[PDB]
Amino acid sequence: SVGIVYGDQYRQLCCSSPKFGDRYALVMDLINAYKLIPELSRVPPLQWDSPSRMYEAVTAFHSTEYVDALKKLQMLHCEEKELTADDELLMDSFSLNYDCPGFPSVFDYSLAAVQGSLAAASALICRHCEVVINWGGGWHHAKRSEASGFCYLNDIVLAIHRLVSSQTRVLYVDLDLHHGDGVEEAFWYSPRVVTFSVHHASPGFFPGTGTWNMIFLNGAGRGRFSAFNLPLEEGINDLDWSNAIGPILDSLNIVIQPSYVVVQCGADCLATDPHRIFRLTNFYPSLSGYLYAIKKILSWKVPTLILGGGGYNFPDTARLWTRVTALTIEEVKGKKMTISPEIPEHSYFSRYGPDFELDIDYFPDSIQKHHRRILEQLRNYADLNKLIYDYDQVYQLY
């Protein structure tokens, strides 16, 4: 059974932000136009018995004062009056400004993603679903008391917390163009949540972490060697990115033997993304880096959580996420998903112009040193955590 987080109020809430606009609606409607909905099990978003219950759930990671400030920000944006100098300072102290401004539904919008990823983690725990997808989730940059990189509430950290607290080990894989710092930092001291982020890293590029510092940091305390990072130069194509990540993915599975896999699948690595950093596609034959990674992760047969994230080219993010969805049905259920190369007719068809095709409109030594560093980190992680593994079978992957 493959699960997908959806709801009528959920769709309205995921579409209420000025940054992401109607992206969620485009993703969900392309999946629906492609006749994928009957193949999926709708996972309804989590709801709470009272306000105190909701607060208890969000504050398992986030500070109460931050949740209070984010709710007060929604309230203030629902009134015409401008903010007092004191309310501006208060918001500035939580970084509820710039990339993370207020808007009339800021709190409902960010809580919705938590509701979706928590319900997704639950459907995996009760074994109702083998895999759950949440294209409204994947807000990897949010910190305990700080909004960051368009992320207010870290739905990933909360989903992972619900999974570990259900020895349970979680492997978190972050495919987004940006370093998955919020998730990495949340589990920095815990060996049970191994985080792995592949991303672009360059001087002045957000967030600045997931690369060499002032050395390469990798966790602290009993969590030492438990945070993995692969920073990549701009211009990487599907094949080089796949070859860079592949042996790493397989080796992490063999050594960690995770109980759950949590995959943030941010679509900002696409060649057609306005960032224009990585040259990844959504091509399925010349295979998409995202599709190669997902297929590899699903072949392990470990309960998996697939989440969204970045992706600023809404129709292209929808084309990728629609293919990831179809691949998951095929990999989990074993039934072929024949997806037409032409966009089917639906209310959002005009957005796929001027050609209306499924493929994105695109024509296509440092890694070896990173592989040797990561292999040694993995061995140190295994030694510290008294994990039994065959050194050679893991070395041979690289």
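Sequential numbering from 1, following the sequence displayed.
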Q.
In a third or more of the other compared PDB entries with flanking residues modelled, does residue 97 go missing?
A. no
Q. Quick one: is residue 286 left out in at least a third of the other entries we compared?
A. yes
(Q) With respect to the deposited sequence, is there a break between residue 364 and residue 365 in this entry, and if so is it 1 to 3, 4 to 9, or 10 or more residues, or none at all? (A) 4 to 9
**Q.** Residues with no coordinates between residue 204 and residue 205, taken from the deposited sequence as a class
**A.** none
Q | Which of 341-349 and 65-73 has higher mean CA B factor, as the PDB entry lists it | A | 341-349
Q: Return whichever of 111-119 and 230-238 has the greater mean Cα B factor according to the PDB record.
A: 230-238
Q. Among the modelled residues of its chain, does the C-alpha B-factor of residue 54 lie in the lowest, middle or highest third?
A. lowest
(Q) When the deposited Cα B-factors of this chain's modelled residues are ordered and cut into thirds, is residue 303 in the lowest, the middle or the highest one? (A) middle
Q | Cα B factor band for residue 275 (lowest, middle or highest third within the chain) | A | highest
Q: Give the position of residue 255 by CA B-factor within its chain, expressed as the lowest, middle or highest third.
A: highest
Q | Record-listed C-alpha B factor of residue 213: chain third | A | highest
